[PDB]
Amino acid sequence: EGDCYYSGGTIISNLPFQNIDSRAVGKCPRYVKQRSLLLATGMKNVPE
Amino acid sequence: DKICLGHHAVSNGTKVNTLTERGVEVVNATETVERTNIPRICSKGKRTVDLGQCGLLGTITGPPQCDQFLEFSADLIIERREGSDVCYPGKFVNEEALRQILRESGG
Amino acid sequence: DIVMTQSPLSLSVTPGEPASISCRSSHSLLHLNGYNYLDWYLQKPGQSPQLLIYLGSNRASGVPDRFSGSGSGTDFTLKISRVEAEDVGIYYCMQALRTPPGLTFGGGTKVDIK
Amino acid sequence: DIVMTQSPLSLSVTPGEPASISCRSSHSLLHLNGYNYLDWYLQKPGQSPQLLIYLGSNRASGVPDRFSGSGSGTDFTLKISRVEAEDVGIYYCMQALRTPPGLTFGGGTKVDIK
Amino acid sequence: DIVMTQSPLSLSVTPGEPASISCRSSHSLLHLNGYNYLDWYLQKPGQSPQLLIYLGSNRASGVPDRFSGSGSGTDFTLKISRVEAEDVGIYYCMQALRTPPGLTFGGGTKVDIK
Amino acid sequence: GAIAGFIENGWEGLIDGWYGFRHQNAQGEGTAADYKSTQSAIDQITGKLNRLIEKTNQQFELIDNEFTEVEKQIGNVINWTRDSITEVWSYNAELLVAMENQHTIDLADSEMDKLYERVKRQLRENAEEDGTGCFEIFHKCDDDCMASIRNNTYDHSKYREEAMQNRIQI
Amino acid sequence: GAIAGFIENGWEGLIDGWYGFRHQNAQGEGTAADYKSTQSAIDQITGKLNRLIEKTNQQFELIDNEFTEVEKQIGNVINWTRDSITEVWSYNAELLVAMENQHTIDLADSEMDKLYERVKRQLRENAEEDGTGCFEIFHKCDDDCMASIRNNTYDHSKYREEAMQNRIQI
Amino acid sequence: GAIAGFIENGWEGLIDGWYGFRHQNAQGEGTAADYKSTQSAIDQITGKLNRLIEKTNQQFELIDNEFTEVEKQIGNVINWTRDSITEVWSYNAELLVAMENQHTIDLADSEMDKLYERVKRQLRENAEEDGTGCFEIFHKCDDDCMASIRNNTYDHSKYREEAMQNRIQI
Amino acid sequence: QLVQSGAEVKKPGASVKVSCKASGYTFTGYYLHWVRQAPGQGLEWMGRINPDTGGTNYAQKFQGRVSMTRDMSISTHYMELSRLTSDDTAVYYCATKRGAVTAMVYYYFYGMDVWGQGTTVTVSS
Amino acid sequence: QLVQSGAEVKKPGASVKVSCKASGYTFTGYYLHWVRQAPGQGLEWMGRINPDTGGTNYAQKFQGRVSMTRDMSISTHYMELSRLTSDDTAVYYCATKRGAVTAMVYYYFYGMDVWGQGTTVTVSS
Amino acid sequence: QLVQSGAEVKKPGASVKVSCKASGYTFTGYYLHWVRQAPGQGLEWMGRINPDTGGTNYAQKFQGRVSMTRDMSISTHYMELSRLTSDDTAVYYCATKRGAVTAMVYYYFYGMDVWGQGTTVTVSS
Ligand SMILES: *[C@@H]1O[C@H](CO)[C@@H](O)[C@H](O)[C@H]1NC(C)=O
Ligand SMILES: *[C@@H]1O[C@H](CO)[C@@H](O)[C@H](O)[C@H]1NC(C)=O
Ligand SMILES: *[C@@H]1O[C@H](CO)[C@@H](O)[C@H](O)[C@H]1NC(C)=O
Ligand SMILES: *[C@@H]1O[C@H](CO)[C@@H](O)[C@H](O)[C@H]1NC(C)=O
Ligand SMILES: *[C@@H]1O[C@H](CO)[C@@H](O)[C@H](O)[C@H]1NC(C)=O
Ligand SMILES: *[C@@H]1O[C@H](CO)[C@@H](O)[C@H](O)[C@H]1NC(C)=O
Ligand SMILES: *[C@@H]1O[C@H](CO)[C@@H](O)[C@H](O)[C@H]1NC(C)=O
Ligand SMILES: *[C@@H]1O[C@H](CO)[C@@H](O)[C@H](O)[C@H]1NC(C)=O
Ligand SMILES: *[C@@H]1O[C@H](CO)[C@@H](O)[C@H](O)[C@H]1NC(C)=O
């Protein structure tokens, strides 16, 4: 089951941003120009 | 006779960017930008018409390659590159306004 | 609107041969924290449901090592290494990705001794 | 550019019959916190102005219960339940919604004994 | 990609007449905090480089008052009020505006006694 | 040797929780985890992450054509508009991720602070702060006494007359 | 019975202010409000709300037509552009409201904290923290003494020799 | 006269740093600066300012014409789209500058707080807080003793038996 | 462990209220879920309540006619389902998270671990 | 209560400076407003000053030729109006908020409650 | 002041590792830079390391084949350059910020003030 198509396949993900095609149609994630945007899920690391 | 309070740490963490600093070591991180896709038109639960050698505007006029699409019905129309609209040479007038009509038409 | 579809909808088993129950999702169950929000339940006739796997792959407290969980994304399988006579009943899969839609259950899979 | 327009621009009253002064705004005087920024003033001849109503409907400290304030949005009315001989003078309405435009006053309403 | 271009690429000087070395940038070296990120260096033959000016106009610690720095934006000049015999060697300009591009040096300017 | 707390560094031996304790008395050492402060930190991050996995309901359709190219003046208005909007969503994505990294780091740093003044108001006059994230208890606190600070059942008046002789006089 | 402070819960009997005091001595109980901390919290919220009631000066005119429909290829570029911009202003509205709800909650929680270390540095060595948001005064503080903590006129050296006998010795 | 700290006002005599100390003993007065807290505050602001001087790589070309005007219906779609995007970048600029002014003010206010609890845990039981940002040392601390608080080499156990006689008894 | 109330027989149009006493909980900040199982059919999630605040999240099917409350002094949860029909004949389970588990992955679990014994509700005439 | 300075007679081109001593204020974080009333005409708001910081907000009519300062040690406010004309003949009021009012709605009031006695300024030849 | 390691002769394909002992640093939160000077050519910036965290920033020319580490207990920095060629014959300098300077403008300086003596590295056969 897909919902967001482009000329090379289908984007199926829970991520809110994508960097595959500008012209993806349907109910798609927002196209950004960056290819990596890391979101911190933990605390700041201070090693021993 | 003492009691301490501390937080956990790992040997090597992930570097993320912050508002005032680039490359802060956090313990864990995740990716927010999608780069991998599924290289098929996965369309379960829909009514998909695959035109192929036929063009979208040809089904109005009916060349020989569009004989089985003259009264088609679809929830999702897939146009291919090798599809042609005409058999005798010629073209439509305001062809891109007509293509946006039949893409949205449902049949 | 995540729709859970279970299979093979019934499974006659032999006490000593493995079994496998699959439950495929409509949308992706993988959160941003890297966990697949799928729970495997067993409800015996007359009792409350029992939790078996709680995040796609992690076994619960009072569950033996017969029950295993694998899968990621939309396709998931419950796996039993060997079946005993105490492993009959109905197996439900349950997703818990987003709460303002809600939590939904699978259809169920009756497992009886053949 | 909020413009205050007062009415009836003069009001001959009788000591024992009620009176009513209206002051309508150009833009809405209702803030996001739910209050209407309109103040009612009375200036006697020779004295400083006296505050009567300070947020559209709330009476000040040394003001009797004769003076009442109602209205919301752009249309506002001052209301006197009964007029005494000490209630003559000029009545100004004043809005205080946004300060980088500024605070502006009404034209005034002379009230004399008929 | 900031490219530093120095001039006059060689300078024969007289011990008692002033000298001037210019180094013009490709992009603007003026940060948002109001400082021009340009450093002036002197490397004698056989020794480590010596810092002379560290933010376009500010003299370092062990530098005499002969060496002066001026300029803003893209065009910069090093200025010597009078030249001694200990002021020979190669003069490099170095920008430090953005580090993910990196720090880059100028071509150099040989200064010898005429 | 000696033990230090969260002010100096973080422990790589804490694996069942984010925040924890570490005591040192006559019976030996010990290390426990804090389940109420770890769960409170994770409940704010997956709640932050639940805000980002909700997809739009606005359907965008096709206005260009990859096979037969559109007219050039309308093919440049579409191309100029799509690059304008792409600058907005590339700015908002990079701003939101960098802003929520400052909030994630700061919320997990305030949960360790909230655990620190919770123990500090438990040990009212029976302990002194070391300066590295530890408390110097001035009475003989055994392994079930150290459990009482951990589970918020400490009573300071039981040891108040004993720990005050060790502070102002000795 | 006993009284607790802001750490446990909030009082539903405070109606003339946001933050306030509650004392308990030999004369009885009492409840007052703090006008300087309530006004400081409200002055930051209506100043925050004054930022949102300022309207744009950019006039947008009509490019479609509700009665006689425009040409279809220019009727789809207008419709695709207007839905793109609508996604931006629906994202920015939901982001700004959710961000200023975190700031409103946190600024009113730091005004209660600022009132707490103001009283704590007034009662220097004459009082001890209970742990629920209250101070245990170790001298006989009557109804005008309790007024002196409220209006920042407390002098700790007047009761320092009396309240120190009750702490380290008794 | 008397000296006050950061709670009351800020010193106009501090010119080589952002944060500093000011002592008062028998030898006289003195004023120094703190280089480790000033550098930590400036390293977060130029790192904040390094985020804003990075220019886009998206090249925008010309679609209108200043000399020979375009067709009127395509000249209004371009004009309506460019004013829509201009509202977005005028909102995002005014939001980002106002948000990073709240962060700049608050980060420099927390560096002064972090310098305050660093000295407070150094002077463990030998000093008391005045309430204006100063510490009342209860032992004879000369000009090299005052240097030891400044450079984090203070040992509280050297003066603990002397400064405790001056607090609880005298 | 959870202990529910006994069986109840109701009429179409009345309201049923079920009890669930969470005995032995020192966190009380987890999520407690009410699910439903008609005889013959499968499990059916009704809603979820937060014992810290009281914030509820019902299903869209059970929206409007379900009110869930709690009384944290006696540690007892409630669920009231108004405007009953014959298809509300089912067994009503309350479930929540177990707690005192020493795994790191268990912090990211918000479902149902420990369950009640069930409450049979019959609606007929 | 506010007490202003006496009457002043000036010439066109000079500058007038009015005083306003706020006696009895323990908050000193309210807003003090200067308004104006020409003989025959109505009230006219000039500006507003913050005694905590010194941030002023003048009207667009009185922008450029009005400077308002204060001296919080003696608790005295000032207002200087340069380049006088004949139409600056008026009575100058300083007003502010009263304080010590036990209403919740009074915290959202930023206008004028307590007023000064007025200062008559005459500009002629 | 900085003191580097002695000269080293290597072969094409090996890896060179240079030492730099920062003796007398009480801040240890500045930036330490490694630059390079081939015989005849000019200076060439390699990278920059943070002794607090370990975050490195190499040049695009030296990206992939440079690893910079430090050991803050003995206060010693390292730089390892793998897959050597003949054009890596140069003198390797480590430089950093001086510190204990009483100017306000010196806080906004992130370049090179105090330098090492240099390390001659020769790659031949
Ligand atoms: C980080 O997250 C992943 C997936 O959520 C998990 O497998 C891993 O254990 C976590 N921790 C580290 C240190 O990678
Ligand atoms: C909330 O605001 C409204 C209008 O601003 C006011 O009438 C009401 O008293 C306030 N408080 C509550 C508890 O509703
Ligand atoms: C402000 O910054 C400028 C340039 O960065 C500098 O010249 C000036 O000394 C700084 N301080 C003040 C008080 O202007
Ligand atoms: C618009 O951009 C696309 C790239 O996605 C390009 O293929 C196309 O030729 C462009 N159209 C015009 C008219 O330049
Ligand atoms: C807390 O720990 C102490 C010592 O282990 C124990 O006696 C007490 O019952 C515990 N209380 C709770 C509520 O767990
Ligand atoms: C554009 O959208 C409007 C809805 O507001 C619709 O009425 C109109 O038909 C649409 N135009 C085209 C060309 O589809
Ligand atoms: C503070 O309160 C005390 C006791 O009520 C009183 O004596 C004193 O005058 C008050 N001071 C001020 C400034 O209000
Ligand atoms: C579009 O706006 C420009 C102003 O930059 C104006 O000169 C031009 O005439 C406008 N075009 C139309 C069609 O109104
Ligand atoms: C700190 O200062 C004291 C007194 O000036 C001095 O004896 C000591 O050596 C200093 N320590 C450091 C690390 O600078």
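All chains are named by letter (A, B, ...) in the order of the sequence lines, taking the proteins before the strands, and each is independently numbered beginning at 1. Ligands are counted one by one from 1 in listed order, and the atoms in each one are counted from 1 as well. Just so it is clear, the values below take in all heavy atoms, side chains as well, and ignore hydrogens, waters and symmetry mates.
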Close side-chain approach of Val70(G) and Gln73(H), heavy atoms under 4.5 Å: yes
Those residues that, when tested against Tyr35(H), pass ring-ring contact (aromatic ring centres under 6.0 Å, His included) (two or more places apart): none
Test salt bridge (charged side-chain N to carboxylate O under 4.0 Å, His left out) applied to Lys91(B) and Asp85(B), step by step: CA-CA 8 Å; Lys91(B) 71 180 203 59; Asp85(B) 295 24; over 6 Å; no
N/O separation below 3.5 Å, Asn151(H) to ligand 9: yes
Cation-pi geometry met for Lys97(K) and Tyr54(E) (6.0 Å, 45°): no
Contacts of type ring-ring contact (aromatic ring centres under 6.0 Å, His included), residue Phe6(H), not counting sequence neighbours: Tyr116(H)
Set of ring-ring contact (aromatic ring centres under 6.0 Å, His included) partners for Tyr108(K), sequence neighbours left out: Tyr35(E)
Note, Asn92(F) side chain near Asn92(G) side chain (heavy atom, < 4.5 Å): yes
Atoms in ligand 9 with a heavy atom of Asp144(H) nearer than 4.0 Å: 4 (C)
Element-labelled atoms of ligand 9 that are located less than 4.0 Å from some non-hydrogen atom of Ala147(H): 4 (C), 5 (O)
Neighbour list for ligand 6 [protein residues, heavy atom under 4.0 Å]: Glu69(G), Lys72(G), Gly75(G), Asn76(G), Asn79(G)
